[PDB]
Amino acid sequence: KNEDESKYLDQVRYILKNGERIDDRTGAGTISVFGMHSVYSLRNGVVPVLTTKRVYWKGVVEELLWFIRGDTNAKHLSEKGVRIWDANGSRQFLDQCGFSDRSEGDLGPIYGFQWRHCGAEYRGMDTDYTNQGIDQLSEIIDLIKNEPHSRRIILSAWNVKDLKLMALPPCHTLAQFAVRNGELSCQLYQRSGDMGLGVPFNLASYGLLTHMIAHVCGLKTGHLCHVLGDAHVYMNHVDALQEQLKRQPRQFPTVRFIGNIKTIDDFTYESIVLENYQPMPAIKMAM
């Protein structure tokens, strides 16, 4: 009945069977297919959070709220128990990326900064950037509200001039939104998708963001189209993914929002309620 999660599982099956064995930039073995497309229903509250292995929902929500704040300080995420960016903000990683003058935790002008302060001069994580640069997130909300049929509703983190300053170049590269029949849909272009760890997290993240924007704009939700460039499995995840592929998906959970939420900046962890998410046991996959 959850045919959408079966699509994700079939993508993994296709990569394991047909993918090319390539060593990546780190020397890590991967199995890769270039160019994959899948569609997930977001209708009637549904968020595509995989049921065949637990997704780090606490991490998904806190990371997304941190992006929306325009925050690039890994420490602020770590303080909420979410460590997923900590390695990239470490004294070691900063020095190794030639960011020796940066304070620990400073990831540079990554997603949050690009979403809210696009084109502003980055001067470190501790600077207040209020009103500096282009607030893409507010601009796309204004387009959805005033010109819902627009073909120009794009949220991009791929700031070429800023790539050299970023801890990592964006994997979730741009998202396009569209309104049909008072339903908000999203097409996510992901240049690089780790099918084991990254992609399930990223699908949950853009599913949730589409619901949050729809809520602010008084719209229903439609679908999330997921476009992959390098759809890959790490060789060290193959046994774990073979275990997952034996499992039959359950129905995806739904999300609902509580409180008076007027703008994209008014969401809190407590305002977001995930309903009927009881996944199968987590499967450990190393970095």
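All residue numbers are counted from 1 along the displayed sequence.
Student: As stated in the PDB record, which stretch has the larger average Cα B-factor, 88 to 96 or 193 to 201?
Tutor: So the stretch with the higher mean C-alpha B-factor is 88 to 96.
Student: Which wins on mean Cα temperature factor, 141 to 149 or 115 to 123?
Tutor: Averaged over C-alpha atoms, the B-factors run higher in 115 to 123.
Student: Per the entry, which of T30, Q242, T52, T254 tops the list for Cα B factor?
Tutor: When the deposited C-alpha B-factors of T30, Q242, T52, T254 are compared, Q242 is largest.
Student: Of the choices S38, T26, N236, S41, which one's C-alpha carries the largest B-factor in the record?
Tutor: Each of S38, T26, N236, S41 was compared by C-alpha B-factor; the highest is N236.
Student: Report the third (lowest, middle or highest) to which the CA temperature factor of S103 belongs, ranking only the modelled residues of the same chain.
Tutor: According to the entry, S103 has a C-alpha B-factor in the chain's highest third.
Student: Where does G70 sit by CA temperature factor within its chain: lowest, middle or highest third?
Tutor: For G70, whose C-alpha B-factor we compare with every modelled residue in the chain, the answer is the middle third.
Student: Please rank the C-alpha B-factors of the chain's modelled residues and tell me whether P170 sits in the lowest, middle or highest third.
Tutor: It falls in the middle third of the chain.
Student: Lowest, middle or highest third of the chain for the C-alpha temperature factor of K220?
Tutor: CA B-factor rank for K220: middle third.
Student: Comparing against every modelled residue in the chain, figure out the third that the C-alpha B-factor of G207 lands in (lowest, middle or highest).
Tutor: It falls in the bottom third of the chain.
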